[PDB]
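Q: After the structure tokens below, expect a handful of questions from me.
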Amino acid sequence: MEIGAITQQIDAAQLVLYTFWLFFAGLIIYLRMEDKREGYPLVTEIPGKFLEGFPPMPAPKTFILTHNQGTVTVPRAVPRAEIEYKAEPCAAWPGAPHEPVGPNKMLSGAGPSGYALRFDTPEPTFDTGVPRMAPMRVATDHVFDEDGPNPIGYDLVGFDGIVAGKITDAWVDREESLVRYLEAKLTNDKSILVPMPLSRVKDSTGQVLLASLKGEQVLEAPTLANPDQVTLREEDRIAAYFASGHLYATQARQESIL
Amino acid sequence: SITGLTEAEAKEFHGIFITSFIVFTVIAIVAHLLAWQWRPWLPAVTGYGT
Amino acid sequence: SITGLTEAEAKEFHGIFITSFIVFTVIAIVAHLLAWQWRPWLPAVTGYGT
Amino acid sequence: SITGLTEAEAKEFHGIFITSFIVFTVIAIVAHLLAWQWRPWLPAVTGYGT
Amino acid sequence: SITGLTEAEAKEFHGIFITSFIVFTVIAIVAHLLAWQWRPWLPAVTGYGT
Amino acid sequence: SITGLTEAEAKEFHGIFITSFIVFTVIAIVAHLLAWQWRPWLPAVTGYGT
Amino acid sequence: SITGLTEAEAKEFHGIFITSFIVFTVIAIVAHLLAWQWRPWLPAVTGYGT
Amino acid sequence: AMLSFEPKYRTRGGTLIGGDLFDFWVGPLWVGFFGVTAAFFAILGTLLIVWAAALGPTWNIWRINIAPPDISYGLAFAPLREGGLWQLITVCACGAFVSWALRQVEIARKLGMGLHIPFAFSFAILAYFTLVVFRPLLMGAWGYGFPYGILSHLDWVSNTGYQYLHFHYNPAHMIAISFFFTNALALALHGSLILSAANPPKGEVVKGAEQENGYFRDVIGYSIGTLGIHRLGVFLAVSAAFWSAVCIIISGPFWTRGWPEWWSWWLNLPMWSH
Amino acid sequence: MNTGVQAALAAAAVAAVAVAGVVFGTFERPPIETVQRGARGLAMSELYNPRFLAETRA
Amino acid sequence: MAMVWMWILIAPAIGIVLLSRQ
Amino acid sequence: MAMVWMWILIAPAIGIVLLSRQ
Amino acid sequence: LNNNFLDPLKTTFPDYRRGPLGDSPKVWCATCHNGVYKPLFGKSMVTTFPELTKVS
Amino acid sequence: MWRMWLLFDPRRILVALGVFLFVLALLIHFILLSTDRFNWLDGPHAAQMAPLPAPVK
Amino acid sequence: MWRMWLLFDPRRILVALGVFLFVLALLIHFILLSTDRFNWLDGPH
Amino acid sequence: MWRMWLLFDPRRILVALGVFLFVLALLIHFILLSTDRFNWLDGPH
Amino acid sequence: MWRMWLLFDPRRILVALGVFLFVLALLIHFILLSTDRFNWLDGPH
Amino acid sequence: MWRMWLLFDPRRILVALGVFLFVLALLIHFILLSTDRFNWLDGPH
Amino acid sequence: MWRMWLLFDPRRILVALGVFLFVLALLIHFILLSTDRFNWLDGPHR
Amino acid sequence: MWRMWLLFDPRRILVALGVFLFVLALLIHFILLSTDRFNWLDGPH
Amino acid sequence: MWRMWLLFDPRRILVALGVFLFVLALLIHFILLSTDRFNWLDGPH
Amino acid sequence: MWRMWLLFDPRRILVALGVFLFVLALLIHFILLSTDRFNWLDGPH
Ligand code: BCL
Ligand code: BCL
Ligand code: BCL
Ligand code: BCL
Ligand SMILES: CC[C@H]1c2cc3[nH]c4c(c3C)C(=O)[C@H](C(=O)OC)c4c3nc(cc4[nH]c(cc(n2)[C@@H]1C)c(C(C)=O)c4C)[C@@H](C)[C@@H]3CCC(=O)OC/C=C(\C)CCC[C@H](C)CCC[C@H](C)CCCC(C)C
């Protein structure tokens with residue numbers, strides 16, 4: 001009585017297991033190929049040498065976008081242009097880091113201050129081509145919920161305690177009905193946007209705390225091309241500027257702390 | 001400087017830090033001298049043997 | 001003044017911190033003195049011996 | 001004044017805090033004295049033995 | 001040149017690569033000669049048989 | 001150059017690298033001579049035999 | 001220099017590093033001399049034998 | 001080699017220890033001080049595992065078994081051939097895991113990201129520390145750690161589970177499994193929804209938040225949203241590891257009987273007690 | 001504070017106290033006596049609560 | 001030995017008052 | 001059998017040194 | 001023990017000594033062991049009672 | 001020495017020290033309670049008569 | 001060597017050193033407590 | 001046969017070869033140590 | 001070799017080097033304490 | 001062979017070599033300690 | 001039936017047919033091996 | 001049949017053929033090894 | 001068959017061939033060691 | 001002592017005090033009920 005025996009040593013459960021191994025090997029190959037739809041082929045320290053690795057890059061696929069903003073094919077035959085970042089290499093051999101230049105490293109475009117050249121148009125809503133992100137002075141159908149903080153009129157404070165300006169309006173996502181940006185009137189009359197994920201609303205003291213930038217560094221933050229909408233590229237610029245402060249705001253933040 | 005301390009403040013902390021290290025070491029030395037009297041360590045290979 | 005205390009407030013806090021530590025240590029010393037009378041520790045190598 | 005109180009409230013709260021602390025401790029002292037009468041702790045090394 | 005090396009560099013690396021390979025192999029050959037003398041492998045079907 | 005080193009610095013580091021390797025190897029050779037004297041390895045097939 | 005150290009600072013730091021290593025190693029050498037006196041290592045294949 | 005967009009991001013800084021000395025890349029990997037430390041512990045620990053295997057009776061990968069010391073050794077360091085090698089490998093593993101987490105902190109700082117990833121990984125480290133140090137420490141013997149072996153450590157799990165005769169009744173075990181099962185359900189739902197929106201039927205436009213939130217409101221009456229689902233994914237996975245650590249730390253240090261017997265507190269509540 | 005938040009915090013507070021009651025009212029504690037009976041790492045051993053064992057021996 | 005607990009309870013209490021009247 | 005160790009430990013060191021002058 | 005000694009005593013036991021189904025009370029492992037790996041931790045009480053070690 | 005409070009926050013030091021001292025004192029009391037000699041509640045005072053199963057290594 | 005404090009915040013140095021010293025001191029005390037000879041509470045047995 | 005280095009990157013070859021050879025050498029030494037005959041430390045028993 | 005400190009700050013390697021030396025010394029002390037011969041607390045059994 | 005330094009960065013080689021040498025030395029010292037014959041602390045059983 | 005290739009892609013059909021036929025062939029061969037009568041390697045399993 | 005290559009890329013077919021043939025050949029060799037009669041290494045029991 | 005290199009990248013094939021041959025050779029050596037008859041180190045027991 | 005209501009809200013004090021006292025009373029009543037001596041429903045045993 002040997003049910004499931006194929007030979008004296010090979011049985012049915014063993015064969016099913018090896019069948020799975022063949023499938024799983026193919027699945028990992030498929031998944032790794034899908035991983036290579038962005039950033040490939042790799043660039044080296046040679047003007048025209050590119051590596052695609054193993055497994056190779058997959059065949060192109062096309063995304064159709066809403067509201068006549070075009071078609072996107074990945075992997076791109078010609079990759080998107082990179083920003084003109086300003087940094088000086090710390091060494092000549094491959095694998096060495098570089099040091100951003102300029103008095104304001106958050107504007108260098110290097111390290112965490114870099115950003116992608118996304119679409120130079122606002123992200124539209126699906127139902128209507130209306131910009132997805134809008135100030136609450138324009139999106140009057142959105143109001144702040146009670147039993148939650150209202151940051152309008154609060155002071156914008158850097159991590160050094162210097163007040164950079166006052167919060168004037170909030171930008172909401174018309175699709176998800178949530179706050180994504182706080183608009184602040186700076187002391188130089190600049191009207192910049194600050195990312196909500198990088199803002200700590202202290203409703204006890206009426207302050208919006210920035211742990212990433214000093215008060216004076218807020219004054220050099222990017223400004224919108226037009227005051228009632230923000231493009232996808234501008235969203236990347238604003239996020240990169242504020243977030244790079246955690247490494248570039250002070251010289252201490254870039255060095256080893258222990 | 002990166003830390004923000006001046007040269008004078010850095011010297012002042014180092015003087016206190018070093019002299020506080022010596023005080024801790026001296027108290028530890030007296031503690032070990034007392035501990036040795038209570039119970040010596042480093043026995044012979046045969047044992048302590050009272 | 002990386003924290004926010006003035007020089008005088010640093011003097012004030014340090015003065016009463018020192019005596020608070022002293023009073024806390026003094027109370028502990030008497031507590032250890034009383035605890036020793038109830039039950040001594042640090043026995044001889046042969047044991048406490050009743 | 002990170003607390004938010006002037007120096008007037010500080011001595012006001014402290015004076016009430018101390019006297020409340022005294023009342024709490026004195027009651028606890030009486031409770032422990034009664035507790036000792038019912039069942040003493042801190043036995044001798046040979047036990048309680050009533 | 002996809003590798004980025006020049007023809008002279010390719011000549012130079014290849015010569016150094018081959019001589020390094022020969023030196024590594026010759027040392028390994030002598031090591032295996034000494035290893036065989038110490039303890040031969042590839043036994044007969046019955047066994048090494050002392 | 002890939003490393004970005006000129007000939008002068010490439011030669012200079014190789015000189016320091018070689019002498020450091022030689023000193024490290026020579027110390028290891030003496031250690032192995034003393035180790036073999038203390039306890040030889042590579043026994044006969046019948047064991048170390050006393 | 002990318003560290004911001006001057007010529008004099010580099011020499012001073014190097015001098016501190018050298019003397020610390022000599023002091024640390026000398027203390028270690030004396031410690032091993034005492035340790036060998038207390039309990040020698042590297043036994044014979046028979047053992048230590050008292 | 002670097003990704004097409006990578007070169008601008010390779011800045012100096014973000015390290016916690018060392019600074020510029022170890023701040024470089026080898027191929028795609030950044031090293032840093034903890035990369036050196038992680039590499040050292042990983043290589044030494046792996047080499048000791050192979051040496052412990054060499055001392056064992058088999059080279060079969062599934063049957064290699066490196067066991068902890070005897071219980072009688074207590075908290076002492078055992079001889080290497082009698083569980084001392086297991087202890088060294090454990091120390092290397094602890095060093096490798098902590099260095100990996102600390103290396104991730106430096107990498108996230110170099111990219112200006114939050115520290116959520118190393119935070120989530122720290123709960124996995126906590127579970128391992130519970131298994132090999134915390135639980136053995138409370139029991140007073142390193143012999144309580146699980147042996148290092150692909151199939152042999154399943155034997156430890158099985159025998160450990162039956163020391164309480166029905167391990168399913170462990171209450172923290174039930175909670176941890178509920179988190180593991182829900183996390184897999186949440187992962188399947190989240191992966192499906194993104195792929196369904198990004199990959200509609202051929203020729204159809206890609207779908208966004210309106211369809212993503214609309215899909216689960218239609219099927220279940222509520223959508224947690226894109227931010228909520230990624231919060232939920234961390235919370236479920238982290239709590240699965242946390243309650244796993246709880247379920248094993250209470251098994252033996254805080255409970256020595258069969259786990260079903262523990263539920264007698266519910267059976268004996270005075271509202272319905274027999 | 002929002003009423004839904006208050007209810008959630010109150011429910012969480014009740015659960016935490018209830019969990020504390022169950023945990024402190026049922027769990028044992030170290031030290032625990034272990035009697036190893038199998039091979040190292042095979043998790044074949046006997047557990048004994050010293051307080052329970054003292055009562056059992058009596 | 002009522003005194004053993006007597007100091008460890010009363011003295012920190014009298015310690016705070018005497019400390020707070022400097 | 002000191003020859004086995006002496007060759008494998010020392011000869012690669014010489015080979016590196018003599019290759020170093022190429 | 002249950003088949004040959006306890007069960008045949010069914011009629012001898014009064015009804016309040018029997019189960020809800022009327023069967024005689026029966027022995028299992030815990031009747032002797034009472035929660036210990038050996039009854040009374042292996043301590044023997046029959047060594048001085050030889051009459052309890054032989055069948056008449 | 002007093003100048004340290006220009007460098008260390010008194011709010012942090014007092015809270016951190018308070019937590020440290022209580023946990024340490026709680027640990028020391030529990031250690032003493034676990035000892036036969038220094039247990040002050042039940043005090044000090046059968047394993048060979050009722051032995052556990054023997055270890056099998 | 002006082003230049004160390006121009007690069008590293010003495011707050012971080014002191015806290016890290018203090019934690020290291022305390023954990024080391026706890027380890028040595030616990031090791032001695034686990035020995036028969038150097039146990040000062042229950043003493044030798 | 002020298003144009004191969006105009007085809008294959010020497011740096012990647014040397015690193016891969018170095019890792020491959022050291023891992024292989026470690027594996028062979030370890031296998032011999034596991035055997036009774038070729039163990040050169042404790043030897044046969 | 002004082003030139004080495006013009007490239008890498010010696011202040012930024014002390015903690016890394018101090019950690020390395022401590023862990024090495026802790027390993028050696030623990031190994032000796034585990035042996036019967038070199039246990040300096042309870043001594044040979 | 002001085003040409004490797006124009007093929008490989010000296011700093012990255014030294015850190016790789018330093019880890020490699022320390023691991024190998026630790027491995028061999030541990031391997032000897034796990035043998036009866038070459039245990040220099042407790043010696044043969 | 002030539003009109004079905006105006007409805008279905010020949011490349012997909014052949015790839016799907018090739019996979020299906022091989023998996024079916026593998027299944028039948030393994031079924032026969034598991035039997036005693038049609039095992040052509042050793043025969044009855046015993 | 002020459003127009004099969006007007007539908008399928010020869011690179012796609014050749015890689016698929018090589019993988020398929022090797023896995024099938026590996027399977028058959030392993031099946032024979034598992035039998036008593038056709039094991040060519042250890043032979044019949 | 002010289003035309004095969006007008007279809008596949010010679011570098012990718014040689015790397016793939018090199019990996020395939022070593023894994024197969026490693027597989028065959030391991031199978032022989034596992035057998036009693038063809039074990040060349042310890043031999044037939 | 002009447003000034004404690006200038007520091008705390010009587011709404012939160014009365015709610016917290018009421019919940020605390022009830023849960024405390026519930027805890028004490030149930031503790032007594034679980035004891036044989038102080039069980040007031042079925043009595044001892
Ligand atoms: C075994 C024999 C003896 C014994 C033998 C010895 C010997 C020998 C020694 C000690 C020493 C100590 N013993 Mg003992 N000891 C025994 C049993 C005890 C018992 C007890 C309950 O029985 C207690 C309470 C102690 C207590 C102590 C400590 C006071 C001290 C450890 C120093 C330390 O931890 O520094 C670590 C903590 C610090 C250094 C504080 C941190 C300072 C930092 C650097 C400055 C800034 C701090 C910053 C603001 C805050 C961050 C850090 C915070 C701590 C988190 N011992 C037994 C009875 N003991 C040592 C000593 O005397 O040292 C002075 C010592 O040499
Ligand atoms: C074993 C023999 C004795 C015994 C021997 C000793 C000895 C010896 C000592 C004690 C000491 C103490 N014992 Mg005792 N003790 C015994 C049994 C007891 C019993 C009992 C139920 O039987 C009790 C209730 C106590 C109680 C106490 C405490 C009063 C005291 C520890 C204070 C402390 O933790 O400071 C930690 C807390 C602080 C220091 C407060 C921190 C203040 C900060 C700086 C200000 C801000 C606070 C911050 C913001 C918030 C933190 C507050 C909380 C601490 C979290 N002991 C037995 C009977 N006991 C010690 C003592 O008397 O100390 C004076 C002492 O030396
Ligand atoms: C069993 C009988 C003998 C014995 C039999 C043999 C035999 C037979 C051989 C050896 C060989 C070796 N033995 Mg032996 N050996 C024994 C016991 C030992 C013991 C010991 C503790 O007992 C030690 C330390 C050694 C050590 C060694 C090495 C010196 C050598 C392996 C070379 C190597 O791995 O290159 C690996 C490293 C490289 C190849 C790097 C070279 C440059 C690379 C290609 C470029 C750089 C790449 C990149 C930058 C760095 C990556 C690699 C790095 C090295 C990490 N043997 C016993 C006693 N041994 C072999 C030998 O001598 O070969 C020459 C050999 O054939
Ligand atoms: C049991 C009795 C005999 C035995 C019975 C048979 C029988 C019967 C046959 C073999 C055949 C083979 N045997 Mg045999 N064989 C035995 C034992 C062995 C042993 C051993 C260690 O004992 C080895 C190493 C072999 C090896 C081999 C192969 C040389 C050969 C074909 C297998 C193959 O994979 O081709 C498949 C792989 C290919 C054809 C390559 C595909 C080429 C592609 C189209 C172009 C390149 C594609 C791509 C770029 C690269 C390939 C993909 C990757 C490699 C994955 N046999 C025993 C002793 N053996 C077969 C043979 O001789 O065929 C000619 C055969 O019919
Ligand atoms: C906490 C929620 C879950 C979780 C999360 C999690 N895991 C993570 C992360 C996160 C967030 C990472 O960022 C990190 C990562 O980078 O992954 C790619 C990682 C990771 N989780 C991993 C594995 C892993 N996680 C597990 C579990 C979990 N991880 C949790 C359930 C498990 C289980 C359940 O078994 C495994 C096996 C790794 C792939 C990776 C961390 C890799 C790492 O530690 O790198 C450094 C160390 C080495 C490369 C090798 C060290 C080798 C040792 C020195 C020797 C071996 C010791 C070991 C004890 C042997 C035991 C063998 C036997 C058990 C068979």
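Convention: chains lettered A, B, ... in structure tokens order; per-chain residue numbering from 1; ligands numbered from 1 as shown.
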Using only C-alpha atoms and all ligand atoms, which residues have at least one atom no more than 6 Å from ligand 5? Output them as number ranges by chain.
A: H: 38, 41-42, 45-46, 92-93, 96-97, 100, 117-118, 120-121, 123-124, 148-150, 237-238, 241
Q: Take the residues from that selection and put them in a file with N, CA, C and O atoms, as an mmCIF file, in the first residue's frame.
A:
```
data_model
loop_
_atom_site.group_PDB
_atom_site.id
_atom_site.type_symbol
_atom_site.label_atom_id
_atom_site.label_comp_id
_atom_site.auth_asym_id
_atom_site.auth_seq_id
_atom_site.Cartn_x
_atom_site.Cartn_y
_atom_site.Cartn_z
ATOM 1 N N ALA H 38 27.775 45.641 10.132
ATOM 2 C CA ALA H 38 26.834 44.615 9.693
ATOM 3 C C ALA H 38 27.525 43.567 8.832
ATOM 4 O O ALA H 38 27.259 42.370 8.975
ATOM 5 N N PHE H 41 29.694 41.314 11.239
ATOM 6 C CA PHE H 41 28.893 40.376 12.019
ATOM 7 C C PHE H 41 28.245 39.324 11.129
ATOM 8 O O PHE H 41 28.187 38.145 11.495
ATOM 9 N N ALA H 42 27.743 39.730 9.962
ATOM 10 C CA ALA H 42 27.091 38.777 9.068
ATOM 11 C C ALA H 42 28.078 37.736 8.559
ATOM 12 O O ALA H 42 27.778 36.538 8.536
ATOM 13 N N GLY H 45 29.343 35.570 11.571
ATOM 14 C CA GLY H 45 28.274 34.695 12.017
ATOM 15 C C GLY H 45 28.004 33.569 11.041
ATOM 16 O O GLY H 45 27.807 32.421 11.444
ATOM 17 N N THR H 46 27.998 33.879 9.745
ATOM 18 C CA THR H 46 27.805 32.845 8.736
ATOM 19 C C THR H 46 28.960 31.853 8.736
ATOM 20 O O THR H 46 28.748 30.641 8.619
ATOM 21 N N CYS H 92 26.574 37.496 17.205
ATOM 22 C CA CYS H 92 26.780 38.038 15.865
ATOM 23 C C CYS H 92 25.458 38.426 15.219
ATOM 24 O O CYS H 92 25.360 39.473 14.569
ATOM 25 N N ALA H 93 24.430 37.589 15.376
ATOM 26 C CA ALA H 93 23.127 37.906 14.804
ATOM 27 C C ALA H 93 22.539 39.164 15.429
ATOM 28 O O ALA H 93 22.008 40.023 14.718
ATOM 29 N N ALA H 96 24.457 42.021 13.995
ATOM 30 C CA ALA H 96 24.121 42.235 12.591
ATOM 31 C C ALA H 96 22.756 42.896 12.435
ATOM 32 O O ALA H 96 22.584 43.786 11.596
ATOM 33 N N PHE H 97 21.771 42.470 13.230
ATOM 34 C CA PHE H 97 20.425 43.020 13.094
ATOM 35 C C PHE H 97 20.375 44.479 13.530
ATOM 36 O O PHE H 97 19.759 45.311 12.856
ATOM 37 N N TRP H 100 22.132 46.631 10.963
ATOM 38 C CA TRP H 100 21.293 46.798 9.783
ATOM 39 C C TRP H 100 20.237 47.871 10.011
ATOM 40 O O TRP H 100 19.991 48.706 9.136
ATOM 41 N N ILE H 117 10.760 53.118 8.324
ATOM 42 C CA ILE H 117 11.236 51.779 7.968
ATOM 43 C C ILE H 117 12.087 51.151 9.066
ATOM 44 O O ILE H 117 11.773 50.028 9.492
ATOM 45 N N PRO H 118 13.158 51.787 9.562
ATOM 46 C CA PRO H 118 13.889 51.172 10.681
ATOM 47 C C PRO H 118 13.043 51.004 11.928
ATOM 48 O O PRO H 118 13.267 50.060 12.693
ATOM 49 N N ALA H 120 9.840 50.157 11.956
ATOM 50 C CA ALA H 120 9.090 48.924 11.744
ATOM 51 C C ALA H 120 9.982 47.699 11.900
ATOM 52 O O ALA H 120 9.570 46.696 12.491
ATOM 53 N N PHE H 121 11.210 47.769 11.386
ATOM 54 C CA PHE H 121 12.132 46.643 11.489
ATOM 55 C C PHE H 121 12.541 46.373 12.932
ATOM 56 O O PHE H 121 12.834 45.227 13.285
ATOM 57 N N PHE H 123 10.773 46.152 15.487
ATOM 58 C CA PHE H 123 9.865 45.198 16.116
ATOM 59 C C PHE H 123 10.215 43.765 15.742
ATOM 60 O O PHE H 123 10.029 42.846 16.546
ATOM 61 N N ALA H 124 10.709 43.549 14.521
ATOM 62 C CA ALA H 124 11.227 42.232 14.168
ATOM 63 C C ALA H 124 12.437 41.877 15.023
ATOM 64 O O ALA H 124 12.587 40.729 15.452
ATOM 65 N N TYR H 148 19.786 26.738 15.700
ATOM 66 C CA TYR H 148 19.963 27.334 14.380
ATOM 67 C C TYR H 148 20.041 26.204 13.362
ATOM 68 O O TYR H 148 21.065 25.530 13.236
ATOM 69 N N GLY H 149 18.945 25.998 12.643
ATOM 70 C CA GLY H 149 18.839 24.964 11.637
ATOM 71 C C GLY H 149 17.535 25.104 10.886
ATOM 72 O O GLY H 149 16.508 25.429 11.488
ATOM 73 N N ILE H 150 17.558 24.870 9.573
ATOM 74 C CA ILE H 150 16.394 25.185 8.748
ATOM 75 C C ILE H 150 15.195 24.343 9.157
ATOM 76 O O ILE H 150 14.087 24.861 9.330
ATOM 77 N N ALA H 237 1.409 44.800 10.702
ATOM 78 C CA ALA H 237 2.641 44.020 10.677
ATOM 79 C C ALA H 237 3.452 44.217 11.950
ATOM 80 O O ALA H 237 4.010 43.258 12.493
ATOM 81 N N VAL H 238 3.532 45.454 12.439
ATOM 82 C CA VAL H 238 4.272 45.726 13.667
ATOM 83 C C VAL H 238 3.605 45.047 14.858
ATOM 84 O O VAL H 238 4.276 44.433 15.695
ATOM 85 N N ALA H 241 4.234 41.303 15.085
ATOM 86 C CA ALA H 241 5.521 40.984 15.695
ATOM 87 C C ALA H 241 5.521 41.278 17.189
ATOM 88 O O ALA H 241 6.101 40.521 17.975
#
```
Q: Step by step, measure atom-to-atom distances between ligand 1 and each residue using only C-alpha atoms and all ligand atoms, keep those at most 8 Å, then write them as number ranges by chain.
A: B: 24-35; C: 41-42; M: 8, 13, 16-17, 20, 28; N: 11, 14-26, 29, 32-33, 38-41
Q: Kindly provide, as a PyMOL selection string, the residues of chain M having any atom no farther than 10 Å from an atom of chain I, counting only C-alpha atoms.
A: chain M and resi 34+46-47+49-57
Q: Please produce a file of those selected residues containing N, CA and C atoms, as a CSV table (one decimal), in the first residue's frame.
A:
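The resulting file, result30.csv, is shown below:
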```
chain,number,residue,atom,x,y,z
M,34,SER,N,13.5,39.0,46.9
M,34,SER,CA,13.8,37.7,46.3
M,34,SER,C,14.8,36.9,47.1
M,46,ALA,N,13.1,20.5,52.0
M,46,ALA,CA,12.1,19.5,51.7
M,46,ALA,C,12.1,19.1,50.2
M,47,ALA,N,13.2,19.6,49.5
M,47,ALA,CA,13.4,19.2,48.1
M,47,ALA,C,13.9,17.8,48.0
M,49,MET,N,13.2,15.2,50.0
M,49,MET,CA,12.2,14.3,50.4
M,49,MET,C,11.2,14.1,49.2
M,50,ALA,N,11.0,15.1,48.4
M,50,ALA,CA,10.0,15.1,47.3
M,50,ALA,C,10.8,15.6,46.0
M,51,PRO,N,11.6,14.7,45.5
M,51,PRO,CA,12.4,15.2,44.3
M,51,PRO,C,11.7,15.3,43.0
M,52,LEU,N,12.1,16.2,42.2
M,52,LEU,CA,11.6,16.4,40.8
M,52,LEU,C,12.1,15.3,40.0
M,53,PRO,N,11.6,15.1,38.8
M,53,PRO,CA,12.3,14.1,37.8
M,53,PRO,C,13.7,14.5,37.6
M,54,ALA,N,14.6,13.5,37.4
M,54,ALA,CA,16.0,13.8,37.3
M,54,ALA,C,16.3,14.4,35.9
M,55,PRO,N,17.2,15.3,35.8
M,55,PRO,CA,17.6,15.8,34.5
M,55,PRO,C,18.2,14.7,33.6
M,56,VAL,N,18.0,14.7,32.3
M,56,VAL,CA,18.6,13.8,31.3
M,56,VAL,C,19.2,14.7,30.2
M,57,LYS,N,20.5,14.9,30.3
M,57,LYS,CA,21.1,15.8,29.4
M,57,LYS,C,21.4,15.1,28.0
```
Q: Least-squares superposition of chain Q on chain O, every Cα paired in order: what RMSD, in Å?
A: 0.7 Å
Q: Would you work out the distance separating atom CA of residue 146 of chain H from atom CA of residue 255 of chain H, expressed in Å to one decimal?
A: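 It comes out at 18.7 Å.
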Q: What does the Cα RMSD come to when chain B is optimally superposed on chain C over every C-alpha atom in order?
A: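 After least-squares fitting, the two copies differ by 0.7 Å C-alpha RMSD.
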Q: Excluding same-chain residues fewer than 2 positions from segment 5-12 of chain G, what lies within 6 Å of it counting only C-alpha atoms, as a list in words?
A: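 After dropping sequence-adjacent residues, the list is residues 3, 14 and 15 of chain G; 2 and 5 of chain P.
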Q: Output the selection as an mmCIF file, in the first residue's frame - N, CA, C and O atoms for each residue.
A:
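New file out10.cif:
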```cif
data_model
loop_
_atom_site.group_PDB
_atom_site.id
_atom_site.type_symbol
_atom_site.label_atom_id
_atom_site.label_comp_id
_atom_site.auth_asym_id
_atom_site.auth_seq_id
_atom_site.Cartn_x
_atom_site.Cartn_y
_atom_site.Cartn_z
ATOM 1 N N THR G 3 39.139 68.457 6.258
ATOM 2 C CA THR G 3 38.702 68.388 7.645
ATOM 3 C C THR G 3 38.714 69.741 8.338
ATOM 4 O O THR G 3 38.173 69.860 9.441
ATOM 5 N N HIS G 14 48.025 64.037 15.979
ATOM 6 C CA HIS G 14 48.838 62.849 15.745
ATOM 7 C C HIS G 14 49.689 62.519 16.964
ATOM 8 O O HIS G 14 49.838 61.347 17.328
ATOM 9 N N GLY G 15 50.259 63.541 17.605
ATOM 10 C CA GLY G 15 51.035 63.302 18.810
ATOM 11 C C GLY G 15 50.200 62.730 19.938
ATOM 12 O O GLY G 15 50.647 61.835 20.660
ATOM 13 N N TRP P 2 51.001 62.087 9.854
ATOM 14 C CA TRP P 2 50.170 63.151 10.404
ATOM 15 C C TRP P 2 49.280 63.699 9.296
ATOM 16 O O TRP P 2 48.236 64.295 9.555
ATOM 17 N N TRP P 5 45.426 62.953 9.023
ATOM 18 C CA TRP P 5 44.415 63.754 9.694
ATOM 19 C C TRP P 5 44.032 65.003 8.914
ATOM 20 O O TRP P 5 43.112 65.715 9.332
#
```
Q: So that I can see what lies close to residue 16 of chain E, please list as a ChimeraX atom specification the residues with an atom at most 10 Å from it, counting only C-alpha atoms and leaving out residues fewer than 4 positions away in the same chain.
A: /E:11-12,20-22 /K:19,22 /Q:1,3
